[PDB]
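Right, one structure below, let's go through it.
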Amino acid sequence: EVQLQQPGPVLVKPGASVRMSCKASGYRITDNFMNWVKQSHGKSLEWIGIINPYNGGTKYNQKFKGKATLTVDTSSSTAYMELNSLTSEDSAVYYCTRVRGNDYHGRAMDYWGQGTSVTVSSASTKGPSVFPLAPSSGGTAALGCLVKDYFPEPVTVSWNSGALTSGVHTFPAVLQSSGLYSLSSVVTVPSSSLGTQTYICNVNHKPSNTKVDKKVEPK
Amino acid sequence: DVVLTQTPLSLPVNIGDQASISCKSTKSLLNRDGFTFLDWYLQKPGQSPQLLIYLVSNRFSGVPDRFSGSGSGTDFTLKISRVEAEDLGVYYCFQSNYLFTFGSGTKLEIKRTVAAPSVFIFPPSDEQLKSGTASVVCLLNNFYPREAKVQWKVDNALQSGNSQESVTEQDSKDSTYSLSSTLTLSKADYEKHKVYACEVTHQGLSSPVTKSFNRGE
Amino acid sequence: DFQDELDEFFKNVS
């Protein structure tokens with residue numbers, strides 16, 4: 001199957017440059033043009049540029065000429081976007097995508113990378129702090145993890161190493177007056193299972209190297 | 001550039017009903033060979049965009065046949081003939097005739113029956129109290145519609161300016177929402193008060209529901 | 001216009 005593999009979330013300081021990659025697989029990278037698309041948080045999509053991996057020819061959205069530089073390494077089936085002179089406006093998710101072809105094949109983007117989220121900030125990375133929301137008492141109880149004071153985004157939360165998916169609700173992070181992010185994950189469970197089933201939230205921060213496993217026990 | 005105006009921008013639809021999205025172009029989309037490179041993408045909550053329709057009307061493989069796209073020149077349309085719960089997302093049109101551009105996006109939300117929240121209230125953990133701050137968390141689970149009013153009352157006194165809330169995306173199965181309000185205090189303030197309540201007003205509730213606890217039980 | 005320039009780009013096979 002066709003897959004585009006993009007690295008995880010990256011934190012970069014203002015004014016520097018960042019080069020994000022995109023590994024093509026399940027097809028031969030030179031057979032298809034590639035687009036890069038930008039999506040700012042809560043904003044529409046925006047086309048940056050198109051590369052032809054066969055001969056490296058590029059075409060740019062005028063708003064990104066001088067800001068983005070698409071290249072390709074054929075030998076390793078990887079395409080790259082470099083952004084220069086990073087500002088806060090360059091904080092967004094960046095997608096690489098494959099173009100079907102031309103004419104009656106369509107110029108559409110048929111496969112998409114999962115996107116590389118980019119935070120541009122002078123602030124240093126900080127890991128989170130994980131506190132438990134313990135249950136107290138129709139046969140339905142709630143428990144969860146408070147994940148507090150981390151930066152940058154994002155943090156991911158599974159329950160029991162992903163063996164507990166139904167019922168969970170991982171809220172969008174909120175930005176506190178501290179300038180640090182905070183979010184909570186909850187899950188609804190049967191009251192009878194509290195003394196019998198252990199509940200562990202797997203919280204996980206990639207910008208720092210923090211990885212915390214908290215047992216949520218009833219007080 | 002070419003501006004792709006989409007109408008409507010918000011599309012509340014019932015499950016089972018038809019739903020249409022218009023996409024107007026400032027320029028006529030037609031290269032010399034006669035091709036209109038107009039596509040439609042769907043972005044579901046927390047996911048990459050995915051192709052739906054390309055070349056105006058060709059349906060990308062895997063897309064159910066409920067999705068169809070028509071149009072010529074500068075007017076285009078996307079139709080979902082029978083809407084499922086798992087079709088919630090933002091719908092984008094896209095042209096590649098000139099320098100490529102997206103439409104603003106149409107947010108399709110599922111219209112479902114009113115459902116009243118389960119409300120849960122969590123005191124701060126002792127680890128948090130031993131660290132100087134106190135977060136109190138009010139949970140509203142699986143409710144509809146989105147708008148909810150959560151009021152904090154410490155010692156029967158209405159709080160203001162010290163709470164934050166966030167709301168999950170519409171669930172792709174039961175089409176409901178969930179909300180969390182967090183009252184954030186210093187440890188010292190948390191200890192100058194006994195009763196901590198959150199008070200929930202919602203269309204699914206005939207009377208406001210309050211859940212509370214006493215610091216120290 | 002840009003529509004033609006994009007058409008030459010896509011058909012370029014050098």
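So that the names make sense, note that chain A is the first sequence line, chain B the second, and so on, each numbered from 1. Values below: every heavy atom of this structure, side chains too, minus hydrogens, waters and symmetry copies.
- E217(A) places no side-chain N or O within 3.5 Å of a backbone atom of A134(A) that could act as its donor or acceptor partner.
- Put simply, the side chain of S124(A) does not reach to within 4.5 Å of the side chain of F151(A), judged on heavy atoms.
- Checked for salt-bridge contact, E84(B) and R66(B) meet the test: a charged N lies under 4.0 Å from a carboxylate O.
- Under a 3.5 Å cut-off, the side chain of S25(B) and the backbone N or O of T74(B) do not form any donor-acceptor pair.
- At a cut-off of 3.5 Å, with distance as the only test, a side-chain donor of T133(B) or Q128(B) sits close to an acceptor on the other residue.
- Between the side chains of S185(A) and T170(A), at least one donor N or O lies within less than 3.5 Å of an accepting N or O.
- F131(A) does not carry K148(A) over the face of its six-membered ring by the limits of under 6.0 Å from the centre and within 45° of the normal.
- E109(B) and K107(B) are joined by a salt bridge, as a carboxylate oxygen and a charged side-chain nitrogen come within less than 4.0 angstrom of each other.
- A side-chain donor from one of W152(B) and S181(B) sits under 3.5 Å from a side-chain acceptor of the other.
- Between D110(A) and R98(A), at least one side-chain N (NZ, or NE/NH1/NH2) sits under 4.0 Å from a carboxylate O, which counts as a salt bridge.
- The aromatic rings of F60(B) and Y54(B) sit perpendicular, their planes meeting at an angle over 60°, well past the 30° parallel limit.
- For the 3.5 Å distance criterion, the side chains of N204(A) and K206(A) qualify, holding a donor opposite an acceptor.
- Enclosure of atom CZ in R82(B) by more than 12 non-hydrogen atoms of other residues, nucleotides or ligands within 6.0 angstrom is indicated.
- Of all heavy-atom pairs spanning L175(A) and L180(A), the tightest one is CD1-O, 3.8 Å.
- Between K211(B) and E199(B) no salt bridge is recorded (no basic side-chain N to carboxylate O distance below 4.0 Å).
- Nearest heavy atoms, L9(B) versus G105(B): CD2-O, 3.6 Å.
- Using a 4.0 Å cut-off between charged nitrogen and carboxylate oxygen, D155(B) and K153(B) do not count as a salt-bridge pair.
- Between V147(A) and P128(A), the shortest heavy-atom contact is CG1-CB, 3.6 Å.
- Not one N or O on the side chain of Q6(A) forms a donor-acceptor pair closer than 3.5 Å with the backbone of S117(A).
- Although no hydrogens or angles enter the test, the distance criterion places no donor-acceptor pair under 3.5 Å between the side chain of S91(A) and the main chain of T119(A).
- Here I48(A) contributes atom CD1 and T58(A) contributes atom OG1; the two are 13.0 Å apart, rounded to the nearest 0.5 Å.
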- Message: What verdict does the side chain to side chain contact (heavy atoms under 4.5 Å, CB included) test give for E82(A) and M20(A), after you've listed the backbone C-alpha separation in whole Å, the side-chain angles of each residue and the deciding distance to 0.1 Å?
- Response: CA-CA 6 Å; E82(A) 190 164 80; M20(A) 47 210 42; over 6 Å; no
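- Pairs of residues two or more places apart, or lying in two chains, that qualify as disulfide bond (SG atoms under 2.5 Å apart) and include a residue from residues 179-208 of chain A are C145(A)-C201(A).
- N214(B) CG: more than 12 foreign heavy atoms inside a 6.0 Å radius.
- For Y190(B) and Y196(B), the distance between ring centers is under 6.0 angstrom.
- When all heavy atoms of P172(A) and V167(B) are compared, the closest pair comes out as CG-O, 3.5 Å.
- Between atom CG of residue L139(B) and atom CG of residue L179(B) there is a gap of 8.5 Å, rounded to the nearest 0.5 Å.
- A side-chain donor-acceptor contact under 3.5 Å links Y60(A) to the backbone of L70(A).
- When every heavy atom of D90(A) is checked against every heavy atom of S85(A), the shortest pair comes out as OD2-O, 4.0 Å.
- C93(B) contributes atom SG, which lies 11.0 Å from atom NZ of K24(B) (distance to the nearest 0.5 angstrom).
- The CZ atom of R19(A) sits 13.5 Å away from the CG atom of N84(A) when rounded to the nearest 0.5 Å.
- Side-chain atoms of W47(A) and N35(A) form a donor-acceptor pair, as typed in the model, at a separation below 3.5 Å.
- A perpendicular orientation is assigned to the rings of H202(B) and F143(B), their planes being inclined by more than 60° (bins at 30° and 60°).
- The distance from atom CD of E86(B) to atom NZ of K173(B), rounded to the nearest 0.5 Å, is 6.5 Å.
- Listed here is the closest heavy atom pair of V83(B) and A19(B): CG2-CB, 3.9 Å.
- A distance-only check finds no donor-acceptor pair linking the side chain of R59(B) to the backbone of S68(B) [under 3.5 Å].
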- Evaluate side chain to side chain contact (heavy atoms under 4.5 Å, CB included) for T71(A) paired with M81(A), printing each intermediate quantity in order. CA-CA 7 Å; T71(A) 41; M81(A) 209 210 330; over 6 Å; no
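- Judged purely by distance below 3.5 Å, without hydrogens or angles, the side chains of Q43(B) and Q39(A) pair a donor atom with an acceptor atom.
- Electrostatic pairing of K214(A) and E127(B) counts as a salt bridge here, judged by a charged N lying under 4.0 Å from a carboxylate O.
- Neither side chain, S118(B) nor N141(B), offers a donor N or O lying under 3.5 Å from an acceptor on the other.
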- How far apart are the C-alpha atoms of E46(A) and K63(A), what are their side-chain angles, what is the distance that settles it, and do they pass the salt bridge (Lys or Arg N to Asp or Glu O under 4.0 Å) test? CA-CA 10 Å; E46(A) 189 157 38; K63(A) 179 159 112 170; 3.0 Å; yes
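- Checked against ring-ring contact (aromatic ring centres under 6.0 Å, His included), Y111(A) has no partners two or more places apart in sequence or in another chain.
- Comment: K219(A) does not engage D126(B) in a salt bridge, judged by the lack of any side-chain N to carboxylate O separation of less than 4.0 angstrom.
- Looking at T196(A), its side chain never comes within 3.5 Å of a backbone N or O of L194(A) through a donor-acceptor pair.
- Here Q6(B) pairs with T106(B) under the side chain to side chain donor-acceptor pair (under 3.5 Å) rule; sequence neighbours left out.
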- Query: Between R112(B) and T176(B), is a side chain to side chain contact (heavy atoms under 4.5 Å, CB included) present by the stated rule, with each step listed?
  - Reply: CA-CA 8 Å; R112(B) 76 143 276 157; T176(B) 66; 3.5 Å; yes
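- Taking the centre of each ring, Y41(B) and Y92(B) stay at or above the 6.0 Å mark.
- By the neighbour-count criterion of 12 heavy atoms within 6.0 Å, atom NZ of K211(A) is densely surrounded, having more than that number from other residues, nucleotides or ligands.
- Ring planes of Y150(A) and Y181(A): tilted class, angle from 30 to 60°.
- With rounding to the nearest 0.5 Å, the separation of NZ in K126(A) from OG in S208(A) is 8.5 Å.
- Without hydrogens or angle criteria, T182(B) side chain to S163(B) main chain gives no donor-acceptor distance under 3.5 Å.
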- Verdict with supporting geometry, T101(B) and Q95(B), side chain to side chain donor-acceptor pair (under 3.5 Å): CA-CA 6 Å; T101(B) 45; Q95(B) 67 90 13; 3.0 Å; yes
- Query: Should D1(B) and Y98(B) be marked as a side chain to side chain contact (heavy atoms under 4.5 Å, CB included) after you check the CA-CA gap, both sets of side-chain angles, and the distance that decides it?
  - Reply: CA-CA 8 Å; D1(B) 306 283; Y98(B) 302 96; over 6 Å; no
